[PDB]
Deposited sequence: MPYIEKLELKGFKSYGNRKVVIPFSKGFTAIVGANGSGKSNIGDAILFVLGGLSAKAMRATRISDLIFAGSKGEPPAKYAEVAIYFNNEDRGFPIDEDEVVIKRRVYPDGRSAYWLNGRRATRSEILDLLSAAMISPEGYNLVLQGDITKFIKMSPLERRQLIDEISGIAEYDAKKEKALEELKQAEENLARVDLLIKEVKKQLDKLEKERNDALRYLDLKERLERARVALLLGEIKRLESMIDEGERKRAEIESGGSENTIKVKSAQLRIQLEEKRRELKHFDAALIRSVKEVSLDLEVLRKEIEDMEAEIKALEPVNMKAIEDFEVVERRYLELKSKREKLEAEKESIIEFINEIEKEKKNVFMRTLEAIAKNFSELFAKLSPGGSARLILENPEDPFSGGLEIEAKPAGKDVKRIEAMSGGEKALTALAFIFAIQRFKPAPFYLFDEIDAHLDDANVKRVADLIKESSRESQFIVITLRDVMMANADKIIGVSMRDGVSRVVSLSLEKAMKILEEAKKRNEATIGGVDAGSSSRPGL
């Protein structure tokens, strides 16, 4: 994780127009000074520079009254400006730099302005990058005045969400979401195929009926034509036994009426022979070998011609149209089943994600609860306390509550915490998370305001131990807290401005027992 190398104020609250550079130990730095030395405005500075639009939380009546209103010896500032410098040699910030520098400036008409590493940035870019570096998750690591009370009135449902962040389930939620995209696509496709199958299946059945009519029209057509060739082979045998004597009548009846109609008998005859010279040989022989009797053939032809007139109209495209629509039918039935299997598969995957997600949540949730127990016993010896999941089966729709028991005292949920018990509990929680997933820094202004000495000593020890992996910036006036800091920054007021001096254990001792009279 990154960490604050220093902080610069120009024109900010109680600090003058002079730029002010506040350097920070990588571990435990302690801001100390008397009531109203303005030591706490440094906390407010940090919230200001992290894009805090909080107004009340920066303890200015309005956004513009974060600006030096002027003092006896210095003119009012033209604006308020804070620059914060992070060491990024670990690349917690998605920036290919080891120093990420964020400067924010607010003008008297309320407008702000940001910069990372000198280029103008918008607020959503500063915010999204501070999130990527998990700087201040829900601001749990920024504990300003009144935050403990805000955290105690906090609902269980409001408490879980920070555990989600810490556990890091977002990566599973990104996968799940693309899985649900593909599932959505999968069944709209699937629904398209269903609508195509319904029409195609109905079109196919028109075509089955037309196909079959076209087929029997075909059969009738063919029988009708062989019968036509049949009636015709007979039609000359008869006409052949006719002219055998129908022109033999000539040399018997004499005045050439018999020459004319026997030239008719020969004139119909000739051509109803040559007519079959033009019929195919396969047809002519698949009939040359069946019946005769001419008038039954003409009655039967008249019939066959009639039931052809029945079926009409027929659509002969149907015979080929059928095949094509049936292939389309069988393929839609094929596609559907593959779509439907694809859908089921996506569903199984989406269920794998949720259960992975939940496991990561519970593993995180249980680690922190173990930690929470220990540390609270450490701050209130002989005591214990418990994190409680509201919905053990679907944690993501439940809240998360706390219950504590101080040694020989009554079990209370966080709702009903009041004295410094409220504070020691809030700090067990905070430290529980910090041992699982250290934030880059923690900011503690006051929080010792309501603990006795024996308490503040264990907190300072706890802070001192944890600083081996996290940065601690504690704004205090209690000597025991001062005692373990690696660095002490002093903050005092002369003639209406605040000043910061890089101090010393016993110097700070002196100044903070002289001011206590």
Report summary line: Stretches of deposited sequence not represented by any CA atom are 255-258, 522-540
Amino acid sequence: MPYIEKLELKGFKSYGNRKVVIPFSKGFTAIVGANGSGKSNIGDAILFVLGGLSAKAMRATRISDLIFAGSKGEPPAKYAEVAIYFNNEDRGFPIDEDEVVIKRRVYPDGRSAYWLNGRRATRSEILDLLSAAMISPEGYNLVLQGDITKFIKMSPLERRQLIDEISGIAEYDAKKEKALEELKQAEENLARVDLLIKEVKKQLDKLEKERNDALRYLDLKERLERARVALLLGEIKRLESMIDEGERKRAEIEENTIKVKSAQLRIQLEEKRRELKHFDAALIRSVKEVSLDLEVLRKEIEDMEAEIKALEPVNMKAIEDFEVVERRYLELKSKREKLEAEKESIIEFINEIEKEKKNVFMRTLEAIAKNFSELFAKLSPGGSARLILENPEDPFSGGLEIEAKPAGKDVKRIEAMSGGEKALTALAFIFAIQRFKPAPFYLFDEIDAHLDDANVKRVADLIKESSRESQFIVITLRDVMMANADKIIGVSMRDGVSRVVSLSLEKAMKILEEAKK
From here on, numbers count along this sequence of modelled residues.
Requested in this report: Mind pulling up the entry and telling me whether 205-213 or 265-273 has the higher mean Cα temperature factor?
Outcome: 265-273
Report task. Select between 363-371 and 409-417 the stretch whose C-alpha atoms have the higher average B-factor in the entry. Result -> 409-417
Query raised in the report: So among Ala80, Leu424, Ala281, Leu196, who wins on Cα B-factor in the entry?
Result: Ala281
Report summary line: Scanning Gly168, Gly383, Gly146, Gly399 for peak Cα temperature factor in the entry gives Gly146
Query raised in the report: With respect to C-alpha B-factor, does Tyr172 fall in the lowest, middle or highest third of the chain as deposited?
Result: middle
Report summary line: For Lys26, the third of its chain by CA B-factor is the lowest
**Report entry** Relative C-alpha B-factor of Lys39, binned into the chain's lowest, middle or highest third
**Finding:** lowest
**Report entry** Ranked against its chain, the third holding the CA B-factor of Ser14
**Finding:** lowest
**Report entry** Third of the chain, ranked by Cα B-factor, where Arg327 sits
**Finding:** middle
